[PDB]
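In what follows, a single structure is set out as structure tokens and then discussed.
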Amino acid sequence: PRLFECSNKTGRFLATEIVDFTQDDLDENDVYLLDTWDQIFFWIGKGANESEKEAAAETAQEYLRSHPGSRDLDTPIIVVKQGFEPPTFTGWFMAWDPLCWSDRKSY
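So for the sequence shown, the entry's author numbering puts the first residue at 1; every next one is plus one.
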């Protein structure tokens, strides 16, 4: 439910948590972490450094430890690339998306 913007300034990576916000505050290219019930959605843009995605990935696991379940952490994460916004992920937000009918258009 809560995001996590972690990016490096110049040569050092910085980890910062971001309260459940909307896409409006969603920076252009940054490393965010959206932990949902089914699984955590890892959104990685094009600008996001290779290290940021790595550090921000492990830093998030720390929070997951607070969640229930036993080996729920073993579950794999759905990697996301820059330029793809599925109507499923958006549902994880508090503000519904009009693109939720992307499937209704078909059988």
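Cβ coordinates follow ideal geometry from the N, Cα and C atoms, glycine included.
DSSP three-state assignment for residue i, whether helix, strand or coil
i	result
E52	helix
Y63	helix
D38	coil
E58	helix
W96	coil
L26	coil
Short CB-CB distance (under 7 Å) between residue i and chain C
i	result
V31	This model lacks chain C altogether; it includes just one protein chain.
Contact set for residue i: own chain, Cβ-Cβ below 7 Å, skip 5 residues either direction
i	result
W92	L34, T36, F41
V80	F41, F42, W43, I44
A95	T22
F13	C6, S51, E52, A55
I77	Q39, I40, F42
Residue i vs residue j beta-carbon contact at 7 Å
i	j	result
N29	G47	yes
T75	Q39	yes
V19	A56	no
Span of the alpha helix (DSSP H) around residue i
i	result
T88	87–90
Sequence-distant residues of its chain with Cβ nearer than 6 Å to residue i (five each side left out)
i	result
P87	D97, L99, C100, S102
8 Å CB neighbourhood of residue i in its chain, flanking five on each side removed
i	result
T16	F4, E5, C6
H67	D35
Nearest-angstrom Cα separation, counted from residue j out to residue i
i	j	result
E52	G83	19 Å
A60	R2	11 Å
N8	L26	17 Å
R71	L64	11 Å
Host beta strand (DSSP E) of residue i (start-end)
i	result
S102	From DSSP, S102 is part of no beta strand (DSSP E); its letter is neither H nor E.
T10	From DSSP, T10 is part of no beta strand (DSSP E); its letter is neither H nor E.
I77	No beta strand (DSSP E) contains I77, which DSSP labels as neither H nor E.
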